[PDB]
A.B. asks: 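If you scroll down you'll find the structure; I have some questions about it.
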There are 2 protein chains.
Amino acid sequence: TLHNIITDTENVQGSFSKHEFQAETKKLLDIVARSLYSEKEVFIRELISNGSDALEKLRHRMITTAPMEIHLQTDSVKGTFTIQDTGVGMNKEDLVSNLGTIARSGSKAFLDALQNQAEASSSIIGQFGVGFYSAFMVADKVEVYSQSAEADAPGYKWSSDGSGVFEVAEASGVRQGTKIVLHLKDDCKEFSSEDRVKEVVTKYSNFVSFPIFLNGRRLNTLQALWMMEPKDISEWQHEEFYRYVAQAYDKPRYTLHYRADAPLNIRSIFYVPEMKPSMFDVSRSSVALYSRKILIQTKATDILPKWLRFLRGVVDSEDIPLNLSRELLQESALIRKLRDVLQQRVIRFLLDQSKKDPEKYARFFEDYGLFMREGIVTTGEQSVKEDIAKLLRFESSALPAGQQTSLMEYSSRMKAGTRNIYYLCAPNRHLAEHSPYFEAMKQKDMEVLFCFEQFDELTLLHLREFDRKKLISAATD
Amino acid sequence: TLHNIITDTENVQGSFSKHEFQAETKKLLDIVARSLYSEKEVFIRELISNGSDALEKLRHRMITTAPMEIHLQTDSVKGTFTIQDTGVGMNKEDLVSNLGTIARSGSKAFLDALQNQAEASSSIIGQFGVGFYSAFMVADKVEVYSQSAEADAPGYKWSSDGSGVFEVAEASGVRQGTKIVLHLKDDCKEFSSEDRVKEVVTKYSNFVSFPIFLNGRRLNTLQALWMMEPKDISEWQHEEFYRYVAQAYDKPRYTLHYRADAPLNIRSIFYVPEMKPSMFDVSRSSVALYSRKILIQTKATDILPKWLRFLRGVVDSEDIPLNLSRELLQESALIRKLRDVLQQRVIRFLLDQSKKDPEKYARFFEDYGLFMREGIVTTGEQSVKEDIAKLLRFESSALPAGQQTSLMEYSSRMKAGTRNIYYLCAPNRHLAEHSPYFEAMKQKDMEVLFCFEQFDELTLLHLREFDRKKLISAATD
Ligand SMILES: Nc1ncnc2c1ncn2[C@@H]1O[C@H](COP(=O)(O)OP(=O)(O)NP(=O)(O)O)[C@@H](O)[C@H]1O
Ligand SMILES: Nc1ncnc2c1ncn2[C@@H]1O[C@H](COP(=O)(O)OP(=O)(O)NP(=O)(O)O)[C@@H](O)[C@H]1O
Ligand SMILES: [Mg+2]
Ligand SMILES: [Mg+2]
């Protein structure tokens, strides 16, 4: 019944002509202005990232003093937004080449030149060569004044409406660094409001490693603690940071400050709140994803497994694959790897807490144990079920009332002939201890886990086995 | 305490030099190959869209016969994917200009030339001028053979590795139209598997308006019914289409085929299944978003309000704002407008069903009424609550048992002195009718709504008022 037309019929008839790929810059400008970003406000993120990059370059050539700052100014009656950094600036060649050429970035050349890259490569944000054009999403006119930190280089003014052409002229009175003035479009006047700009900086950019001022007021006093050496962060600093990133008023019960370079770059701080979890926490994460100190996503969907959604804090990775709009490239293998790494590290962290302070862990488990049970029921990977299962606590017939035990402690108490873990679910210990089911087990000198919570029975039935041992309900026959 | 540095100090010193924006094509190619699409499989979507566009152009110059088809061929041992269309093809100028220039599209020029655009503008998919380069995500070598439908124009071979350069030569034996051969990268050999390609076509492209064949087998027999005149679609065609798009085995209880041009373009079909809703339907949409017959999103997040997640079907709009990757540009005003339009139209549709066949509607309400109650509780907009409230059904003291009434029917029966709607929640009618609360009301000759479902009381308390009338529980005092 087949119907094909694909057939190998073609042969080349003439000499080949060689050609370079070209680009329609006017369309590209339009695409970047209208078809890349879902929200126009990210132009502020992009200009601040450029200011930071320029300052980072200056910091490196400070070997070889000057204040390294980013200033923002709003003027409502003028309808302008201005950003000025005290960074490396641009000479005429740089202005024409780097600003005038889409997809051209000064990042690679700066990094390559530096003898040792590691430190600078971590700090430099820009990689695509398009971020500057985000200005034209919101501005009818863009003027750039720049003065390079070179020998006796002159100052320059670069100007454009984003309509295919720009102009450059020598300029006097330009301070070292770069000032960008945006004359905002009529439908974008909100970015000449101080409160509005403050919200955008707080959202994306406040953890930038240089002071940001808005109309003279410091916006970003709080530092990116995740980058720092964990021992140099006091308990008080963690309380304060937790409250800020969690938008909370309580304090953290637990703090895990995790840094790794292998198998991927991770700089992270996680907190467990002291308050018991809300019904929206249980309903449905509040961990935010950063890359090189800039926000990528405010609520992970998802760099953590669902059952860890009770965690608060920040994960920063240099290795996050970004799309051109600087959102996450979805479901990359690196994200799945990151998620698995974090799950393993948090499980081990919580396990370590249960051994360091059982009383405190017990309080944690009363309140957050539901998430563990859910995590076990949710996955079909046995190794994951069994790892999360290590976090579970139960009472036991072999222990006095109120005393909690783990599956691992139970198993350590078994005898080598045996491969069954017995449990009995009941509203409370008195009824467990006086169940006919328990007397049977008691005859056989078999220890029984007592399970009073929900959904304890369902969890254990899902878990099925633990450490090669069958989970068997005593409440039968 | 202020600390500023932003000061108006600059003046231009020299003449301005004028410059055109330029582009670094090598970086752009890299960005498109690595930083745009979250899944490499969309190259198939993009090449098929191009085939469709080429065929649509041919269809128009058929005024002024030939079969209009898209063929795919996989060859596993060769590691190739081939697509050939019998469309308008490209001459040398077109090959060099359109394929060789990123962000350059032949769409505008074709549309502008046509005396009447409306029909063609609806059919033509391409707008950015980048889709072709998606081939380099998966191929090390791309060869294009094309023959224009012109007077005595010769055939051509265009060839590239996506490394900045390409070659063009005259070629013999090229059939009218365009054939593209991809030599797949080692990590992309899955696209030389027939089953894999079939999955991708089914996912994005099967509703394209031209037959698609894969290794000689027709893939897309089922047509995009949403575009058609509603009366030309039989009940049987709707059953079949419903089962396909809902991945279901039952049949639709209700069918709403909605087309509008104002205030925006909408071509849509919604179905309510006859089966009662599953626990994942209730847990958490299965309406898919299309644009010009190509998938944009398979599960709306979200073009419908949450409470309408029980609907199945397809919404197609020419007006969907797309980002460069051809995902939805998030939270555009047009999406919110679309959502509101659809909500209004579905509410009116269901209201019309309750009047056309109350018995059938009653069956619908038993099973799906939970979604209405949820929708009322979820929103804070009173006009929306009251519109969804029109869908609610209750028993009444003024009607015989089993008979259902609406809030509007209740209100029509009130007397002009009165502004209260009374209700009584109870497990069943017998207990309602014999409640002491009801006797009180019965004394005052006041009609009482009897509410046996959950969460009836909560819903009515949230609703608060209806048509300027207070909802008041009789179960007090
Ligand atoms: N404030 C600034 N100071 C100095 N140089 C700047 C400044 N802003 C932009 N540049 C230069 O202009 C180039 C283009 O900036 P931009 O379009 O943001 O691309 P990018 O920073 O290189 N990469 P990306 O932000 O990922 O798109 C930068 O690489 C710098 O070389
Ligand atoms: N199969 C084809 N037949 C004829 N012309 C084609 C074909 N494929 C590509 N072209 C031409 O090459 C141009 C570039 O294609 P492409 O890069 O997909 O951009 P586009 O279709 O115009 N817009 P978009 O798909 O939104 O990126 C098209 O506009 C056509 O002019
Ligand atoms: Mg940048
Ligand atoms: Mg295309």
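Every chain is numbered from 1 and lettered A, B, ... according to where its sequence line falls, protein lines coming before strand lines. Each ligand, and each atom within it, is numbered from 1 in the order the structure gives. Values below: every heavy atom of this structure, side chains too, minus hydrogens, waters and symmetry copies.
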A.B. asks: I need the nearest protein heavy-atom contact for atom 17 (O) of ligand 2: residue, atom name and distance, please.
C.D. replies: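 Here the closest protein heavy atom is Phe132(B) N, 2.9 Å.
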
A.B. asks: Checking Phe166(B) against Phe21(A) for the ring-ring contact (aromatic ring centres under 6.0 Å, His included) test, could you report, in this order, the C-alpha distance in whole Å, the side-chain angles of both residues, the deciding distance, and whether it holds?
C.D. replies: CA-CA 7 Å; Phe166(B) 63 89; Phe21(A) 283 102; 5.0 Å; yes

A.B. asks: Give a yes/no verdict on whether any heavy atom in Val130(B) is under 4.0 Å from an atom of ligand 2.
C.D. replies: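 A heavy atom of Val130(B) does come that close to ligand 2.
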
A.B. asks: Taking the side chain from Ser38(A) and the backbone from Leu329(B), do they hold a donor-acceptor pair closer than 3.5 Å?
C.D. replies: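 Side chain of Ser38(A) to backbone of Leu329(B): no pair is present.
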
A.B. asks: For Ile102(B), does its backbone N or O pair with a side-chain atom of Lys27(A) as donor and acceptor, under 3.5 Å?
C.D. replies: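 No; zero donor-acceptor contacts below 3.5 Å.
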
A.B. asks: For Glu41(B), is there an ion pair with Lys203(B) - N to carboxylate O distance below 4.0 angstrom?
C.D. replies: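 So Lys203(B) pairs with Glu41(B) through a salt bridge.
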
A.B. asks: Report the distance from atom CD1 of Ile48(B) to atom CG of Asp85(B), rounding to the nearest 0.5 Å.
C.D. replies: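 The distance works out to 11.0 Å.
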
A.B. asks: Within the distance-only criterion (no hydrogens, no angle test), does the side chain of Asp316(A) pair as donor or acceptor with the backbone N or O of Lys293(A) below 3.5 angstrom?
C.D. replies: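 A pair under 3.5 Å: yes.
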
A.B. asks: With atoms numbered from 1 as shown, which atoms in ligand 2 lie under 4.0 angstrom from a non-hydrogen atom of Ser105(B)?
C.D. replies: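 Under 4.0 Å from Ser105(B), ligand 2 has these atoms: 20 (P), 22 (O), 29 (O).
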
A.B. asks: How far is atom 1 (N) of ligand 2 from the closest protein heavy atom, and which atom is that?
C.D. replies: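 The answer is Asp85(B) OD2, 2.9 Å.
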
A.B. asks: Side chains of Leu289(B) and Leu328(B), heavy atoms from C-beta outward: is any pair under 4.5 Å?
C.D. replies: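 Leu289(B) reaches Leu328(B) side chain to side chain.
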
A.B. asks: Got an N/O contact under 3.5 Å between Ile125(B) and ligand 2?
C.D. replies: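 N/O-N/O distance under 3.5 Å: no.
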
A.B. asks: Can you report which non-hydrogen protein atom sits closest to atom 30 (C) of ligand 2, along with the distance?
C.D. replies: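 Looking only at protein heavy atoms, the one closest to atom 30 (C) of ligand 2 is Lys57(B) NZ, 4.2 Å.
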
A.B. asks: Does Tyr133(B), backbone or side chain, put an N or O under 3.5 Å from an N or O of ligand 2?
C.D. replies: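 No, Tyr133(B) has no N/O under 3.5 Å of an N/O on ligand 2.
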
A.B. asks: Identify, by atom number and element, the atoms of ligand 2 in contact range of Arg326(B), meaning under 4.0 Å from any of its heavy atoms.
C.D. replies: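 Result: 26 (O).
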
A.B. asks: Nearest heavy atom to atom 7 (C) of ligand 2 wins, so pick from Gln127(B), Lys108(B), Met90(B).
C.D. replies: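 Selected option, by shortest heavy-atom distance: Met90(B).
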
A.B. asks: Would you say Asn50(B) and ligand 2 have an N/O pair spaced under 3.5 Å apart?
C.D. replies: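 The answer is yes, given that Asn50(B) and ligand 2 share an N or O pair closer than 3.5 Å.
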
A.B. asks: Give yes or no for whether the N/O distance cutoff of 3.5 Å, strictly under, is met between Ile180(B) and ligand 2.
C.D. replies: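 So ligand 2 has no N or O lying under 3.5 Å from an N or O of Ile180(B).
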
A.B. asks: Ligand 2 and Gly126(B), any nitrogen or oxygen pair closer than 3.5 angstrom?
C.D. replies: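 So ligand 2 has no N or O lying under 3.5 Å from an N or O of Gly126(B).
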
A.B. asks: What is the closest protein heavy atom to atom 19 (O) of ligand 2, and at what distance does it sit?
C.D. replies: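 For atom 19 (O) of ligand 2, the nearest protein heavy atom is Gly129(B) CA, 3.2 Å.
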
A.B. asks: Of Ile83(B), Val32(B), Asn98(B), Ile102(B), which has the heavy atom at the shortest distance from atom 12 (O) of ligand 2?
C.D. replies: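 Checking each option, the heavy atom nearest atom 12 (O) of ligand 2 is found in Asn98(B).
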
A.B. asks: Taking 4.0 angstrom as the limit and counting only heavy atoms of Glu46(B), give me the atoms of ligand 2 inside it, by number and element.
C.D. replies: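 Contacts of ligand 2 toward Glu46(B), numbered from 1: 25 (O).
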
A.B. asks: With atom 28 (C) of ligand 2 as the reference point, say which of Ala54(B), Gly89(B), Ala103(B), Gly106(B) has the nearest heavy atom.
C.D. replies: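 Shortest heavy-atom distance from atom 28 (C) of ligand 2: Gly106(B).
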
A.B. asks: Look at atom CD of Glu318(A) and say whether more than 12 heavy atoms of other residues, nucleotides or ligands are closer to it than 6.0 Å.
C.D. replies: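 Count over threshold, so yes.
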
A.B. asks: Can a donor-acceptor pair be found, under 3.5 Å and without considering hydrogens, that links the side chain of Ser317(B) to the backbone of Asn265(B)?
C.D. replies: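 Flag set: sc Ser317(B) to bb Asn265(B) pair under 3.5 Å.
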
A.B. asks: Determine whether the aromatic ring centres of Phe81(B) and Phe43(B) lie less than 6.0 Å apart.
C.D. replies: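 So the answer is yes for these two rings.
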
A.B. asks: Restricting to pairs with a member in residues 165-180 of chain B, which pass salt bridge (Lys or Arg N to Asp or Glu O under 4.0 Å), not counting sequence neighbours?
C.D. replies: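 Qualifying pairs, neighbours excluded: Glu10(A)-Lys179(B).
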
A.B. asks: Could you enumerate the protein N, O or S atoms under 2.8 Å from the Mg ion (ligand 4), written like residue then atom name?
C.D. replies: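 Within the sphere that stays under 2.8 Å of the Mg ion (ligand 4), the protein atoms of type N, O or S are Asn50(B) OD1.
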
A.B. asks: Quick check on the 6.0 Å ring-centre criterion: do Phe132(B) and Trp158(B) meet it?
C.D. replies: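 Yes, close enough.
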
A.B. asks: Backbone N or O of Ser107(A) within a donor-acceptor pair of the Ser105(A) side chain at under 3.5 Å?
C.D. replies: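 At least one qualifying donor-acceptor pair exists.
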
A.B. asks: Got a second to check how far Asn323(B)'s CG is from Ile296(B)'s CD1, nearest 0.5 Å?
C.D. replies: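 Atom-to-atom, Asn323(B):CG and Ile296(B):CD1 are 9.5 Å apart.
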
